[PDB]
Amino acid sequence: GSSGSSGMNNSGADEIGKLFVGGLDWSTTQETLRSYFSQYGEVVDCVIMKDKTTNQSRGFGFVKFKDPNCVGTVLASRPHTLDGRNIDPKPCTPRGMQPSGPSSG
């Protein structure tokens with residue numbers, strides 16, 4: 001970059017095969033959520049954050065994938081929308097770029 005400062009590139013094997021879904025719906029459940037993402041990649045672990053008292057899906061969660069490649073496949077299928085709710089997955093990584101490359105299908 002010329003003006004903006006991007007910085008160096010790091011890998012750090014952490015939250016690679018993880019997928020942070022942003023934009024869930026109080027109705028959205030972990031069961032259905034699993035399959036919804038399972039169609040893309042073998043869901044290993046699905047989590048859906050809920051309220052403290054209401055215990056309702058605030059509007060975000062997580063999704064694990066047997067393979068760290070499954071995450072991308074979905075990131076390319078974006079945007080996303082499950083249970084009549086506009087959602088958007090994330091590689092669970094900080095802003096910036098990655099040397100990953102065109103690696104995708």
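Please note: Cβ atoms are built from the backbone with ideal geometry, for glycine as well, and neighbour counts cover all protein chains shown. The numbers here are math on the coordinates, done by the rules we state, and not lab data.
Which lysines have a Cα lying under 23 Å from the Cα of residue 50, excluding residues fewer than 8 positions away in the same chain?
18, 64, 90
How much length is gained on full extension from residue 93 to residue 54, taking 0.36 nm per residue of separation minus their Cα-Cα distance?
Additional length available on full extension: 11.1 nm.
Set the Förster distance to 41 Å, then compute FRET efficiency between residue 3 and residue 85 from the Cβ-Cβ distance, nearest 0.05.
After rounding to 0.05, the efficiency reads 0.60.
Assuming 0.36 nm per residue, please report the length gained on full extension of the stretch residue 32 to residue 10 beyond their Cα-Cα distance.
4.5 nm
Counting only C-alpha contacts under 8 Å and six or more residues apart, can you give the relative contact order of the chain as a whole percent?
35 percent
Quick one: which residues, 5+ away or cross-chain, put their amide H under 5 Å from the amide H of residue 21? H built at 1.01 Å from N.
61, 62, 63, 90
Can you bin every Cα-Cα distance in the chain into 5 Å intervals starting at zero and give me the percent of pairs per bin, rounded to whole numbers?
That works out to 2, 12, 21, 22, 16, 12, 8, 4, 2, 0, in percent per bin.
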